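Protein chains in written order, with the numbering used here: chain A, 623 to 640; chain B, 2 to 222; chain C, 2 to 222; chain D, 96 to 314; chain E, 96 to 314. A short write-up of the structure that comes next.
Shown next, in the form of structure tokens:
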């Protein structure tokens, strides 16, 4: 449930784990 | 349920501060972020920004950096919009809308808080009954109504018999008269034989002036 | 290309505001987030935070909440770092660095913006030629140079023959003299037979004082 | 940042016709990872917040009838209603949900055309509670007519006014796609008591000859 | 949150030796889902931004020669250069990339030791443009020597100074691993005109007996 990240879930906009 | 219930309307003089609440209920509050959307009167939708309900940190669009503030009370499931140093540009209707489970649309929306910025101060409305039709109409449809004259600012809430009578009602758009104030009329069509022995109450609520008026519209020819 | 090009150096009095730009080019800007790294003079690296180029959301480390701001202009592929209420702690070199395609390292880096916080104001540099005299050793060893005295703050950019002459150049670290100002010297070794009939221009640039000086270093004997 | 150019401005259709409306974005909204477009269609029925219709450019929302269908990919997108009902009149907004800022479009307004309906006309005497004040206003009411265009002339002692008149026209009805109009004539109490005819004359598409409803002051 | 304790601070090696350096984290950096360590090694050559060397604790970057190798797992990690070259002198930083905040280490500085190089000595008269001002400063230059330690004494009329002198020493060179030094003697114009010898005396490991370069004022 990724409602607190909108938009395109890029890898370079979502670092670490995860 | 899943309801975003938003605060009441505000009239504020320019340069002041307004703070709108959006109380959420029915979902895990810290898992869906909160959007704010401005709608100017008669105009389209404008995305103001979004606050992360998990980290607390806001994200504003470029037209809203600096004077606008997003905040949260997670312990009461409530989002806040604070507009500092009010201008006449800021007179609008403001919506909160939570980001959907996908993170790709705005799932649920508040009802909207209307904020009017004006140097003028509040005038209560005058409620006068529109007397059921003296002249006999061809069929048995008899029109009656209620008139809400000389108020400021928008909005007013009119209903009939505390919300019982709903069909046949036309609440009209408030037209702006030359005094600077607003005037409005609400008409309802009923059967002719039901006039007399069945009361008709017109319920007007003006929220910036604390004016709740109930008015019996009784026939007179 | 794939280049992060960052703004020029800044001198600011304490308590003021500085805003550094980082213009990205050569890749889809909205798919890689932007990091900011502070490096104090002579010290190590410190991770300040990162802004999500896709959602707009900044993330600051605990040592940088409150005075520091990350922002974006997506239509020009530029990230901004704004430091408000400058202190002498804030005198550093600041880097922007995009998160790599994995999301596990910082791929590409800006050149670095040096920000000096000081109550003093700018002094332009004095550029004096270090004479290619008759001190030439065995055969074609001849030293010449350029002296950059009495300036504040760091940095200065010196080059030789507008960037043509590159090898044999030692630009020295600026040593701080007792007057409070900096002085620096840049020497280049050339062949002795090439002194005369081949001109040597020393190109000094001090960006906080708007001082671009070209200086012919001509042999004296 | 992304411009959501939506088209047309307004569009007027008979109930049952097929309706297409376009939303074109200045960048692609296709991700290549999830293999779907981040575009959303919303409905704002008048006096309400926007209602979510379609997410992921094609997937209709939980509850929505099947006549609303979204197509298109990358740049050009299209919302289609296959048979418009009388309650579908609203404004339709597309939203970029691909990248910050999550911008909206200008919106397409949907208006219904129907057959001619002549207005039913009612005239109202001013209330005595208003007559306790210095002003007195008389209203005329046109109920359930099509089209919007209508002509109201007030006649006091068979002499037609030019000031004092305000019309207000309702939104188009969610059940029968008609309009309603209120013309209000605002006088002083003294100039109201000087005359006694107080007529309202209506010219409309549905009326073969114009229609006067009147009350002379008193019973 | 995570503390990146890096070791040693500096280490000095001959060109061609094998070099190991340690980075130890206060929490584990292994994810257990994607089955890889989130640790990164960066190189900061002097005067430059950091260059990415190794991500995922072992994967070298696109372009990097194979002598840089990263090992370790979970808590203890290790960067290894198998044959240091003269351009590898830099400061090497490890970074936590597992969880916020993505903290760095204190860095390991890598310095080259080489054979003895004696300095070449150059003396410069003060420029006439400077002599139009109130100050006059003479510089002495030591070029391309090893080791760093060198002794410069100024002798004006065979009388050795104690103030007025500033040395500046360059970074170690990426081609030949040597150093350069500039000693600057700053006088007033009047104290410059009172004397005429202006000598520079250099003591260094590469010189069997010390070396004086001089110019007498005028000639």
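Idealized CB from N, CA, C, for every residue including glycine.
With DSSP as the reference, label residue i as helix, strand or coil.
i, result
"residue 639 (chain A)", "coil"
"residue 32 (chain B)", "helix"
"residue 209 (chain C)", "helix"
"residue 183 (chain E)", "coil"
"residue 153 (chain B)", "strand"
"residue 111 (chain B)", "coil"
"residue 164 (chain B)", "helix"
"residue 76 (chain C)", "helix"
"residue 65 (chain C)", "helix"
"residue 96 (chain E)", "coil"
"residue 89 (chain C)", "helix"
"residue 165 (chain E)", "strand"
"residue 57 (chain B)", "coil"
"residue 44 (chain C)", "coil"
"residue 229 (chain E)", "coil"
"residue 204 (chain B)", "strand"
"residue 109 (chain E)", "strand"
"residue 3 (chain B)", "coil"
"residue 138 (chain C)", "coil"
"residue 199 (chain B)", "coil"
"residue 123 (chain C)", "coil"
"residue 624 (chain A)", "coil"
In chain B, which residues lie with their C-beta within 9 Å of the C-beta of residue i?
i, result
"residue 263 (chain D)", "173, 174, 175, 176, 184, 185 and 186"
"residue 232 (chain D)", "129, 148, 150 and 184"
Against residue i, what residues of chain C qualify as contacts under a CB-to-CB distance less than 8 Å, listed in chain order?
i, result
"residue 222 (chain D)", "Within 8 Å Cβ-Cβ: nothing; residue 222 (chain D) doesn't reach chain C, min ~55 Å."
Could you name the residues of chain D that residue i contacts, counting a contact when the two beta carbons are closer than 8 Å?
i, result
"residue 629 (chain A)", "133, 192, 193, 194, 195 and 197"
"residue 57 (chain C)", "195 and 196"
Starting from residue i, find everything on chain B with Cβ-Cβ shorter than 7 Å and list it in chain order.
i, result
"residue 147 (chain D)", "106, 107 and 108"
"residue 314 (chain D)", "222"
Who does residue i pair with in a DSSP beta bridge?
i, result
"residue 235 (chain E)", "E:218 and E:278"
"residue 129 (chain B)", "B:148"
"residue 312 (chain E)", "Bridge partners of residue 312 (chain E): none, in fact."
"residue 25 (chain C)", "C:5"
Would you mind telling me which residues of chain A sit closer than 7 Å to residue i, beta carbon to beta carbon, in chain order?
i, result
"residue 102 (chain C)", "633 and 634"
Going along chain C, which residues have a C-beta under 9 Å from residue i?
i, result
"residue 60 (chain B)", "53, 56, 57, 58 and 59"
In chain D, which residues lie less than 9 Å from residue i when you measure between Cβ atoms?
i, result
"residue 48 (chain B)", "190, 191, 196, 197, 198 and 199"
"residue 76 (chain C)", "96"
"residue 136 (chain B)", "217, 218, 308, 309 and 310"
In chain E, which residues lie with their C-beta within 8 Å of the C-beta of residue i?
i, result
"residue 639 (chain A)", "126, 128, 129, 133, 193 and 194"
Starting from the beta carbon of residue i, find every residue of chain A whose beta carbon is closer than 9 Å, and list them in chain order.
i, result
"residue 34 (chain B)", "625, 626, 627 and 628"
Can you pull the chain D neighbours of residue i, defined as C-beta to C-beta under 7 Å?
i, result
"residue 130 (chain B)", "222"
"residue 112 (chain B)", "144"
"residue 31 (chain C)", "194"
Should residue i be counted as a contact of the ligand GDP given a C-beta to heavy atom distance under 7 Å?
i, result
"residue 156 (chain E)", "Questions concerning the ligand GDP fall outside what the structure shown contains, since it holds no ligand whatsoever."
**OP:** Kindly provide the ranges of any beta strand (DSSP E) runs that are 3 or more residues long and lie completely inside the region 190-225 of chain E, ordered along the chain.
**Re:** 203-208 and 215-219
Original post:
Quick one: complete beta strand (DSSP E) runs, 3+ long, within the region 243-306 of chain E?
Top reply: 246-251, 260-264, 274-283 and 294-298
**OP:** Determine, using beta-carbon pairs with one atom in the region 137-148 of chain D and one in the region 175-195 of chain D, whether at least three such pairs fall under 8 Å.
**Re:** yes
Original post:
Within the chosen definition, does the region 214-232 of chain D reach the region 147-157 of chain D through at least 3 CB pairs nearer than 8 Å?
Top reply: no
**OP:** Examine the Cβ distances between the region 116-128 of chain D and the region 92-107 of chain C and report whether three or more of them are shorter than 8 Å.
**Re:** no
Original post:
When the Cβ atoms of the region 29-38 of chain C are set against those of the region 123-143 of chain C, are three or more pairs found closer than 8 Å?
Top reply: no
Subject >> At least 3 beta-carbon pairs within less than 8 Å: the region 211-219 of chain E vs the region 248-255 of chain E >> reply: As far as the Cβ criterion goes, the region 211-219 of chain E does not touch the region 248-255 of chain E, which means the pair count is below three.
Original post:
Hey, which unbroken runs of the beta strand (DSSP E) at 3 residues or more fall wholly within the region 115-156 of chain D?
Top reply: 134-139 and 146-150
Original post:
Is the region 52-65 of chain C touching the region 195-212 of chain C, taking contact as three or more C-beta pairs under 8 Å?
Top reply: no
Original post:
Would the region 151-158 of chain B and the region 170-184 of chain B be scored as touching if the rule is three or more Cβ pairs under 8 Å?
Top reply: Taking 8 Å as the limit for Cβ pairs, the verdict is that the region 170-184 of chain B does touch the region 151-158 of chain B.
Original post:
For the region 111-119 of chain B against the region 63-75 of chain B, are there 3 or more C-beta pairs whose distance is under 8 Å?
Top reply: Touching, no, given that fewer than three Cβ pairs across the two stretches are closer than 8 Å.
Original post:
Just checking, does the region 2-11 of chain B make contact with the region 623-639 of chain A on the three C-beta pairs under 8 Å criterion?
Top reply: no
Original post:
Does the region 14-23 of chain B come close enough to the region 40-50 of chain B that 3 or more CB-CB pairs lie under 8 Å?
Top reply: no
Original post:
Using 8 Å as the Cβ pair cut-off and three pairs as the minimum, do the region 208-220 of chain C and the region 100-111 of chain D touch?
Top reply: Cβ pair count under 8 Å is below three, so no.
Subject >> Meets three-Cβ-pair contact criterion under 8 Å: the region 260-275 of chain E and the region 299-310 of chain E >> reply: no
Original post:
Taking contact to mean at least 3 C-beta pairs separated by less than 8 Å, is the region 155-175 of chain D in contact with the region 124-136 of chain B?
Top reply: Cβ pair count under 8 Å is below three, so no.
Original post:
Per the contact definition of three or more C-beta pairs closer than 8 Å, is the region 241-252 of chain E in contact with the region 295-308 of chain E?
Top reply: yes
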